[PDB]
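Some notes on the structure that comes next.
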Amino acid sequence: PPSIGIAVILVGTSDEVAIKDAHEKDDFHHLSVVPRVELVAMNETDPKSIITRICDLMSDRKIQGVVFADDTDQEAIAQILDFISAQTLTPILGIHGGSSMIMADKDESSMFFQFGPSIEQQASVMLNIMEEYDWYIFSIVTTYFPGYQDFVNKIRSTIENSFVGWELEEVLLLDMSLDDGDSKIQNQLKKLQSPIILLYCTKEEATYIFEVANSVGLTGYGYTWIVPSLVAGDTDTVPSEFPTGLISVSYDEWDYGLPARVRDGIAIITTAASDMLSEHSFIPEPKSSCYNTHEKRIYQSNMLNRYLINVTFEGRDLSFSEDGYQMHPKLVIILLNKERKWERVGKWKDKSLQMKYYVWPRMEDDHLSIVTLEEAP
Amino acid sequence: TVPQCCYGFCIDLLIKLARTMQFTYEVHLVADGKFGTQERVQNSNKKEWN
Amino acid sequence: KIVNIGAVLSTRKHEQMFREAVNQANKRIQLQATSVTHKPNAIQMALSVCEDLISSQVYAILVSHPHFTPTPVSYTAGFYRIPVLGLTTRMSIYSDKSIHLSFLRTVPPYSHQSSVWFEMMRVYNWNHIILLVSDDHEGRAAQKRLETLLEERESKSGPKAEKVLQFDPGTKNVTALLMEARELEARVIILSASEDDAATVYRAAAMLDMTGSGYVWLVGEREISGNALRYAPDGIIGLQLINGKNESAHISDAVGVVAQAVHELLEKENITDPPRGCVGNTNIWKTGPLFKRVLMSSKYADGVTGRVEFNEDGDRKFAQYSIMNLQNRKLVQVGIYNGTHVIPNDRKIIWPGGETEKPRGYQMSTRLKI
C-alpha cells in the first residue's frame, strides 16, 4: 500500500480526535495504497490566507490530496480556492459547507469535487416536491446570479417534456446590478401571481430579495416559494427576513455528519488511489513548488480524473458527475418551523423521494374535501 | 443503405419541376422513417427538427 | 484623501511613466501611487497582489497581458470584489460575467470585434456567408456573438447565414469541415481559429484546393496576424483591431477613466474607502457597488485612443478596427471602421482570385437532390 498524504483542512471548531480516529478506524485492506492522514487548520477566512495554506500543502511534504471543509458562509472562498488547486492541478475535495457547496463555473482541468449533487439535480428534486405538493401550476423567480439560464433551462426541460398538464406560469429574471432606486423588483413582485413559484438566489441575495418580499408581503398564506440549500445558505444560520416555513432541500446536515463524511472523502481519495498505480503503472508526482511547478507540468496525465470518474466505497458510490457534481447524491428536503428552524421535509433518493407527511404543513377558504365515489359517465 | 429505384407521381412532380427550371436531378432516401420534427435531445436542451 | 490604485505588468518604464500618470492624474487632498509587476508564477503573484494590494487598499489594479491562466487577479480582487482595471485582453472568456463579477479592461473582445466583420458583410455586400470555426469554448461563445449580430439583423428588419464549423484543437484533417466547404456554393466563409489552428486552416485550404480563386477566408488578425502570416494565403480576408499597441497608450488614459470616475466617486453618500486588511476580513468592500456602478456610469470624454466608453460588458465601445490584407504576400492596411464607419483605404483591396473585385459566388449548383 503506497503511502498517500491525506490532508484534512479543518475550518473552525472541529473534533480532531474523532476525525483522525476515523482515519485510524477506517483502513482499507483491499486498497493498493496507504493513507497518510493530516489535520490542517486555518482559523481565518482570508482568500490570501487560503493561498498561503496551499503553499503549506506542499511546504509540509509531498501533497497527495487536499481535503478542505468549510464552516463559513463564503462560497467564493471555495471558488478561488478551487482556482488555486486548478493552478496546482492536483486532487482536492471540499468536505463541508462552502467546500461542499455547489461550485459554479467549473474550470477546464478542475478536479475539485464535494459531497452532494449539482443544483441541476436539486431543482429536479424540487419538481418532485411539487409532485408531493401536487400543485401543478408554478413559476420561477430569480436574479442574474450564475446558473440563471441553466436553472431556468433545465427547469424548462422539466416543463415541456411532460405528458401531464402541470402548469408553469413564467420565469422571473432579475439582477442586483441595476440601481435599486427604481425598485422595479417590487414591480416584479407585483408581477407575481401564481400560487406556486420558484425562487433562486443566494442568502446574501435573499437579504434584499426576501426583504423586498416582506415589502410586497406577497408571501402571505397560500404563497408557495422554495429555494435550494446554498440558495438558503447555511443550515444553522436563520435570518429573520427569511420566508416563514419556506420549503427547501439540501444535502443532509442532520443525517450526514461533516467529520463523519470526512473519513468518507478520505476513502474517496483512496478509491482514487485504487486503480492509479495499477493501471497507470506510475505514482503521483507531487509538485515541489506549485508556483515553480511550471516545469514538471509537461508529463501531466489527466487519466487521474478518468480514474476518478467511476468510484465506489463502503457500499457508497464515490463516482461523481462529469460536471463535477455527485453521480448519485442523497437529498434532504427541509423547511423552517414555527420556531424559525428549518425542519427536515424529506429526502430524494435518486429520482425517488420520501415525504415526511401525507400533506404539506399548509399552516379564508379551507378544503372542500370533495369525497366521492366514481360512477361513469 | 443500398442503391434502389425511385418512381412516383410526386417524384414525377419533381421531374416536371426541373423541366421548368433546369437542375441536375438527384434522388436520395430517408435515413429514419419520419418526415421531420422539432425534438428535444437528452442533453444541451435544444429543440431540434429531425 | 489619498486616492490609490494598483498596477500589474512587465514593463518597468510603464511603471515609472505610470507614476507620472499618477502625477498628472492627481491634478487631472490628492491621489496616492501604488503599482506591482506581473510575475511568471500565478501562485506567488496572486500572493503579491494579496500582500501589497490589500495593504495598499487600491481603488483598482491596472492589468496588462504579458489559455485562461493570465487572470490570477480575476481571482484576487474578487476576494474583496474590488474594481478591476485591465488593459491588453481582447479575449472575452476573461470578459465572461460569471467568473469575474466586476472586471474592467481597455480592450474589446476579439469575438465582439468580429462584429466588424458583420459589417464587412455590408462591405463585401455578400449576403450568403459561411461560419468556419475551431471547436473550443471561447470560440463557441464567439460564434454565439456571430449569431447575435446575425439574428440581430433579422429582428432589425438579408444577412444570409450558413453552416458553422467546429474543429477541435490540433485537428489532424479538417477535410470533414474543409472539404465540407465545397458543399457551399457561395465562397464567403467566416473563419474562427487560434494560432496553430489557423495554421491548420492555411495548410488545409489549397491542400484540398479549396483556396480556389474567390474562396473567402475571413477572420481577424488575432487569427491572421503573427506566425499565421508565414503560410497565410495572400490577400486573405482579414482586419486588425485598431489602436491596440503597447503598454504606453493602454496605461495612458487608463488612470484617465480611473480618476475621471474618482471625481463623482467621492461624491457618493455613506462612502467608504477601498478595504485594506485582507487577513480575517471576509466582507468585500461595499463601495464596490458604487465603485463599479461608477465604472458603469463611466463614459470618458477623450482618451489616449479617443473618446472612451464601454457597454454593459465594460471594455470599450464603438472601437476602431483596422482593415488590412496581404499585398503580394505582404500585409497592407485595407482601411478601418470608426465603430460603424468603414474607411476605404487609398489602394484597391486585391482579391487573391481575379483582380481586386468581390465576386458573387452563390451561383447555384446543377446537382439538385431530394
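Each value in this text was obtained by applying a stated rule to the coordinates, not by laboratory testing. Every residue, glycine as well, gets a Cβ built from its backbone with ideal geometry; the counts of neighbours run over all protein chains shown.
Report the equivalent ellipsoid semi-axes for chain C in whole Å, largest first, defined as the square roots of five times the eigenvalues of the gyration tensor built from alpha carbon atoms.
On the way: eigenvalues 370, 82, 71 Å².
Square roots of five times the eigenvalues give 43, 20, 19 Å.
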Whole-Hz ³J(HN,Hα) for each residue in region C:258-273, computed from phi via Karplus 6.51 cos²θ - 1.76 cosθ + 1.60 with θ = phi - 60°, x for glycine and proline: what do you get? 4, 6, 3, 7, 4, 4, 5, 4, 5, 6, 6, 10, 6, 5, 9, 5
Tell me whether region C:286-370 comes out rounded, prolate or oblate; compute the Cα gyration tensor, take square roots of the eigenvalues as a ≥ b ≥ c, and use a/c under 1.5 as the rounded threshold. oblate
Per-residue HN-Hα couplings for region B:6-17 [Karplus 6.51, -1.76, 1.60; θ = phi - 60°; Hz; x = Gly/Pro]: 10, 9, x, 4, 4, 3, 4, 4, 5, 4, 4, 4
For region A:96-253, Rg(Cα) over 2.2 N^0.38 Å is 1.03
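Please report C:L177, A:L199 as a ranked list, fewest other C-beta atoms within 10 angstrom at the top and most at the bottom.
Numbers: C:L177 20, A:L199 26.
Ordered by Cβ neighbours within 10 Å, fewest first: C:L177, A:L199.
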Need one number: nm distance between label points at A:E339 and C:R329, each 7 Å from Cα along Cα→Cβ, rounded to one decimal. 8.4 nm
Ordered by packing density, taken as the mean number of other Cβ atoms within 10 Å over each peptide's residues, highest first, how do C:192-200, B:11-19 rank? C:192-200, B:11-19
Everything considered on the Cα gyration tensor (a ≥ b ≥ c; rounded for a/c under 1.5, else prolate if a/b is larger than b/c, else oblate), chain A must be described as prolate
Chymotrypsin sites (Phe, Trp or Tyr not before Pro) within region C:288-319: which are DSSP loop residues with at most 16 other Cβ atoms inside 10 Å? C:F318
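At most 10 other Cβ atoms within 10 Å and a DSSP loop assignment: could you name the chymotrypsin sites (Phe, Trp or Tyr not before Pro) in chain B that fit? Mind dumping the intermediate values first?
Working: sites: B:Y7, B:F9, B:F23, B:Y25, B:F35, B:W49; in loops: B:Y7, B:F23, B:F35, B:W49.
Passing both the DSSP loop test and the Cβ count: B:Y7, B:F35, B:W49.
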From phi via Karplus (6.51, -1.76, 1.60), per-residue ³J(HN,Hα) for region C:350-355 in Hz, x at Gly/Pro: 7, 9, x, x, x, 6
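Add -39500 (n - 2.57) for each DSSP H run of 4 or more in chain A, then divide by its residues: what number comes out at 222 nm, to the nearest 500 deg cm²/dmol?
Details: 11 runs with 126 residues, N = 377.
Calculated mean residue ellipticity at 222 nm is -10000 deg cm²/dmol.
Tell me what chain C gives for mean residue ellipticity at 222 nm when only DSSP H runs of n ≥ 4 count, each as -39,500 (n - 2.57), the sum divided by the residue total, rounded to 500 deg cm²/dmol. Could the numbers behind the result be given before it?
Numbers: 12 runs with 128 residues, N = 370.
So the calculated ellipticity at 222 nm is -10500 deg cm²/dmol.
Rounded, prolate or oblate for region A:86-186? Axes are the square roots of the Cα gyration tensor eigenvalues, ordered a ≥ b ≥ c, and the cut-off for rounded is a/c under 1.5. Could you put the intermediate results ahead of the total?
Details: a/c = 2.51, a/b = 1.38, b/c = 1.82.
Oblate is the answer for region A:86-186, as a/c is 1.5 or above yet b/c matches or exceeds a/b.
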Counting only residues 5 or more apart in sequence or on a different chain, those whose built amide H sits under 5 Å from that of A:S118 are A:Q326
What residues qualify as long-range amide H neighbours of A:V66, i.e. H under 5 Å apart, gap of 5 or more or another chain, H built at 1.01 Å from N? A:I92, A:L93
Based on alpha-carbon centroids, what's the gap between region A:276-331 and region A:83-159 in Å, whole number please? 21 Å
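Where Rh denotes the Kirkwood radius from the mean inverse Cα pair distance, what is Rg over Rh for the protein assembly as shown? Mind showing how you got there, number by number?
Numbers: Rg = 29.8 Å, Rh = 30.1 Å.
Result: Rg/Rh = 0.99.
What does the structure give for C:38-45 when I average, per residue, the other chain Cβ atoms found within 10 Å of the residue Cβ?
Mean inter-chain Cβ contacts per residue within 10 Å come to 5.
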Amide H contacts of A:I333 (H built 1.01 Å from N, under 5 Å, at least 5 apart or other chain): A:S250, A:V345, A:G346, A:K347, A:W348
Using only atoms on other chains, find how many Cβ atoms lie within 10 Å of each Cβ of peptide A:41-48 and report the average. 5
Exactly which trypsin sites (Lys or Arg not before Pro) in region A:1-75 are in a DSSP loop and have at most 14 other Cβ atoms within 10 Å? A:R61
Per residue of A:69-82, count partner chain C-beta atoms within 10 Å of its C-beta, then hand back the mean as an integer. 2
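Would you order C:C278, B:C6 from fewest to most other beta-carbon atoms within 10 Å of each residue's own beta-carbon? Mind showing how you got there, number by number?
Details: C:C278 23, B:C6 12.
The order, fewest Cβ neighbours first, is B:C6, C:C278.
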